[PDB]
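One chain is shown next in structure tokens, namely the form deposited in one PDB entry.
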């Protein structure tokens, strides 16, 4: 069982000078979206365009994936994204990330029927 004390720290403590700061986006999102469980995911990109714009990439420019697979597609237009990269000081389970906001073309792998994004490959 989680102790009542640890449970209070989880639910009410966030000690620090400016916790609502932009630079904390990846830290909280990586945590919210469950990519800090069991291990820290080193690299993850979030996309801020509509789901419909991202699903459409699966119909755009076909490119080879970094890992040599051939189901990747590059976007025609540049998208608003955020890059979450694990920092130097990061150590499970104190997962820490640098937050980088950029606008770039994305490459996704697509799969299933109907074909939708199943993997973020890179940005250019």
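Numbering follows the first chain given and starts at 1. Residues that one form lacks are left out of the comparison. The term rigid core refers to the maximal set of C-alpha atoms that superpose within 1.5 Å between the two forms.
This next part talks about the form deposited in another entry, which is not shown.
**Student:** Please say whether, between the shown form and the other one, the C-alpha of residue 112 moves by 2 Å or more once the core is aligned.
**Tutor:** No, shifts by less than 2 Å.
**Student:** With both forms fit on the core, has residue 103 moved 2 Å or more by CA between the shown form and the other one?
**Tutor:** Moves: no, less than 2 Å.
**Student:** Closer or farther: how do the Cα atoms of residue 28 and residue 116 compare in that other deposited form relative to this form, given a change of at least 3 Å?
**Tutor:** The answer is farther, because the C-alphas of residue 28 and residue 116 separate from each other in that other deposited form by 3 Å or more.
**Student:** Shorter or longer C-alpha distance for residue 30 and residue 9 in that other deposited form, given it differs from this form by 3 Å or more?
**Tutor:** Closer: residue 30 and residue 9 approach by 3 Å or more in that other deposited form.
**Student:** Run through the residues found in both forms and list the stretches of 3 or more in a row whose CA moves by 2 Å or more between the shown form and the other one, fitted on the rigid core.
**Tutor:** Runs with every C-alpha shifted by at least 2 Å: 1-14, 113-124.
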